[PDB]
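Just dropping this structure here.
In this document, chain identifiers A, B, C, D, E, F, G, H, I, J, K and L correspond to the written order of the chains, with residue numbering beginning at 1 in each.
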Amino acid sequence: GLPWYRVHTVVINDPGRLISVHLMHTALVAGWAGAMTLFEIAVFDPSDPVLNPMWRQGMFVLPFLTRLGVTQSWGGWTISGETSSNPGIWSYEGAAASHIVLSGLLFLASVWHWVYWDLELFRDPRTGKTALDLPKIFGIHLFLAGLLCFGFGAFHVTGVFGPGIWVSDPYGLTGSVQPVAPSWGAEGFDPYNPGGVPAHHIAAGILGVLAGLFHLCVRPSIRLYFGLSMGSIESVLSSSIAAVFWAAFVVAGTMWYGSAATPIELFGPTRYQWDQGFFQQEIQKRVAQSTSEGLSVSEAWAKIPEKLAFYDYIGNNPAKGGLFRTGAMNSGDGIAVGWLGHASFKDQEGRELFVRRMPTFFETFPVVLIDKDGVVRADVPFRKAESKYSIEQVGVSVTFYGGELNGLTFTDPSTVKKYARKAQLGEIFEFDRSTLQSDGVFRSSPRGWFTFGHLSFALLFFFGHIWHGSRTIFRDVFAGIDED
Amino acid sequence: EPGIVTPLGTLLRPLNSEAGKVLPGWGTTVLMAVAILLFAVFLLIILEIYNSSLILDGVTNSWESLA
Amino acid sequence: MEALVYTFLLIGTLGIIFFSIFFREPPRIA
Amino acid sequence: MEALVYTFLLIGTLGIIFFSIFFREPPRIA
Amino acid sequence: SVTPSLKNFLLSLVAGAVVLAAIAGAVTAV
Amino acid sequence: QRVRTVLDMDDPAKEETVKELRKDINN
Amino acid sequence: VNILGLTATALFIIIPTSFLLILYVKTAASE
Amino acid sequence: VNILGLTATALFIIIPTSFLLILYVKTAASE
Amino acid sequence: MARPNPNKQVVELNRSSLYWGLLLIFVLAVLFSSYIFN
Amino acid sequence: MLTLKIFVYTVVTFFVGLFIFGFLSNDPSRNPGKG
Amino acid sequence: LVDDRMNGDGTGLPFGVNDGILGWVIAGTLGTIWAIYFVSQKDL
Amino acid sequence: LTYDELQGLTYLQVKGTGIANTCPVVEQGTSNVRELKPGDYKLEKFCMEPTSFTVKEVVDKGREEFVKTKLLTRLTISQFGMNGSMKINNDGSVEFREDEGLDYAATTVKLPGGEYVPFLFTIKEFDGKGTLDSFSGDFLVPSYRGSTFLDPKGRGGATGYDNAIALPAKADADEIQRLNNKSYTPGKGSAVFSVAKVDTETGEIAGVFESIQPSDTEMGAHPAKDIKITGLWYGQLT
């Protein structure tokens, strides 16, 4: 009999039952999408577009709804901080309910295809047996995919009929959904350019339409049909799985490294932005400008937006969480309340020392106050006996500008040490940890969870493609050898 | 014995009729070679642009590309 | 948390009503 | 409350070992 | 225009085609 | 104003900064 | 008993449904 | 996490165990 | 081919495979319980 | 609003019409016996 | 008026309708069902 | 729909039609307002009618503005039958006095997000000081419920248990404001009024008003909210 891992092999030869189980899986996926969206709207707190955005709340499909245009909600609010006067029918809950009713209709269609499986459409009239013209089915599917891709690229993202996509400034401060003009030049192949998406989708849709028309028109050859077994369903299964984990690897890399399709204000910042000093660079540039024309360091730090200083915090690092540190970042290190201001450290003779920011690989880092010249001047010494760079010996005082603490100078070592420890993580923020009872360890971004899950699934589907391709080529010897 | 006859099945019938009807010889496998090698070239071009192993006049390959 | 459990177990109850209605044992005339 | 879960999982594991050893399917030798 | 990186990439494609042709020639020379 | 100041400002906090890793053959 | 209710309701569902399912498939296996 | 993990562990130790018991009894009752 | 489905198959899982499944689930639970409980 | 009135009125009118003319379609001939 | 209202309750309005489009669609649906029943005659 | 033909229609043709919740509008005369005769006046059939109900919300990102709400109750918004005395001077300085009438309106509205804020829209004992164009003042605002109102577990100000006796230990706790005492402090509100389209022949006046008033405080609990109420008003002088 069929083993437990071979049960679905009952529907290899049945196209009607195959369509039924495809519809059942598709209904399950649509129902999950709707249920996940309702769950995330139920547990979603829109009470801070800036300091507690969706990626700080561990929202998974909320950025994907947001990226393609769904920004308003039936709850009477907008994620950008505005008020939804009339969100219409296409809100978050609207899309979820549409997915739920789609799942129900697909479940009914799956039941119908399970019952009425014996359709002569699945039987070729030349011999009466049940067979599928897989090259022609592929041509139809490729033609349909070309039309859908070209329509999505020429009507939705371009805004001539649709709403466009999520476009923002390079540092992810404002963010919105705009129609985007296609970039047909080499800059269209710029990954962070939003204009590549409409141009790519238009060109790929047109070429897919042409390839589908060609596949509808022209039959395969003897050599190709007997080599790749185009009359077999495991062959197309193997190759489809190959394309699927190819796309999974590509999109996992895109999510991890960042692109125009992965906005930072939706999926969190990237680890390379923290590693390469992106937000710290922009903050210090926006300080150097407007300190070069008056309004000195005592002021003008308020000209630094709180969102940028939040982006300059390693707690928003996607590669700083854990495998089993479950939940949102808010459940990890509290909810951000406000910016405490930039901490400037000075010794007794007046040199400006700065903390050595902890890298991504380290979870516990030694605190070192190092000067402009790059010479280690102070630290929180582990020894504290025959120690040469301790806080009270160097005489380090910490000051704050532009935050809740402004013009406040702290001199005592017990307070200077803890503010230096807070500054070791980047910009210093205060966190309410009593609302969700946070444990104190950093969590992972939705971007990080997406990339981890998709890479694991990509390797698993590499194995699946190997197994199915082996079964494809070696179908006749699957029960043993010929012994002759 | 024929299956369950339906108007939709009769409409989509010629779309699934020639199961096993192929071309003689190798067909368009020279066109396979041409298309697959150009796709590999284009894919490599994309990889070098995104890996910064190829620098163009108009691309930046960074977040300031949003500027 | 309780609302999820109530909803899930009640929809399971009505689903197994559906299962007992349609997917029941067919009686025999013999 | 975690310790009872751990002890239950391990005593279940030893139960499965004892069950597999002493109440296995006999070889048929046919 | 033609950047040095693009020029070196085109020469790399030419060299790859050349070495593939050389491998094919060595194979067909048995 | 000048970029040499922010270079020395970013040098002690994070040595992996992209402006420091670009065009630093003169340094 | 906020989640003690969860574990009690869970086991109260699980033990009879697994028991009944086991003996039912014992019935249905023999024709 | 003190009791959500308990619920997850309970579901993991029952659902595939019950499924395996269904298949095993479906085979054991058939000779 | 007819009114009943011709691909009617019987799923088998013997007692040794039941042993392996039960051990796999229980050992996986023992291994991952310390991490799920955290 | 008014669209909802129109839609609900149409669907109830459709169901009521199916009912009225379904009983109008010579129902005493639906019996399995003789009469 | 803080919001729009129909004021369709009371006054003994015929068939509960305040707009002629409701009566028109009712008459159209009844007429088309009767037309189907009348063209599908001389049967059974 | 003026006052002249408002009495010209019987109750049968106005029942269930919302006309009973519609103030008369002056169609004759001019909107210059100054044409009204000055002196001491005694207005009767002073009518009130709101056109928008909005509730202030402390916006999360630091903003602060009134957001539009949804009326949970049906058309029970207006207040009629208001009396009082008016004086009009040559320079235009006027005072307003309100004494009795249907001077309260309990109405619950739904905020966007599944939030309900009940309030008592009142204009009672209003003293508007200013000119004919605009004049403001302060008016008495009752809380909402009476002293004898009973919550799910009895209790309340006048009648009640003064404690939730369902729990034999939740009598002395932090819930001092929940069971021991219930706050019935009457608040004060702000009203802005404007007079327009005055008919000097029959002494008819109209215009748009503005009402600011705190909502229900739910009897010594979560702080009440300030409500902005705009609408049309109508009056008749003697």
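What we mean here is this: a residue touches a chain if its C-beta (ideal position, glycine included) is under 8 Å from a C-beta of that chain, and two chains touch if they have at least 3 such contacts.
Composition by chain, UniProt nomenclature: A = Photosystem II CP47 reaction center protein; B = Photosystem II reaction center protein H; C, D = Photosystem II reaction center protein T; G, H = Photosystem II reaction center protein M; I = Photosystem II reaction center protein L; J = Photosystem II reaction center protein I.
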Steps needed, at minimum, to go from chain B to chain L via contacts: 2
Chain pair with the higher count of C-beta pairs in contact (H-I, D-H): H-I
Chain copies touching (chain G, chain H) - same or different residues, decided at half shared: same
Separation of chain F from chain L, taking each centre as the mean of its C-alpha atoms, in whole Å: 65
CA centroid of chain C to CA centroid of chain E, Å: 67
Distance from the mean Cα position of chain L to that of chain D, given in whole angstrom: 76
Touching two or more other chains - residues of chain F: none
Shared-contact residues (touching 2 or more other chains) in chain H: 1-3, 6, 9, 13, 20-21, 23, 26-28, 30
Of chain L, residues touching chain A in the complex: 59-61, 63, 67-68, 111-114
Footprint of chain J on chain K - complex, ascending: 4, 6, 17, 19, 21-22, 25-26, 29-30, 33-34, 37, 44
Chain C-facing residues of chain G, complex: 2-3, 5-6, 9, 13
Chain C residues within the chain G interface of the complex: 1-2, 5, 9
For the chain F and chain A complex, residues of the former touching the latter: 1, 5-6, 8-14, 16-19, 21
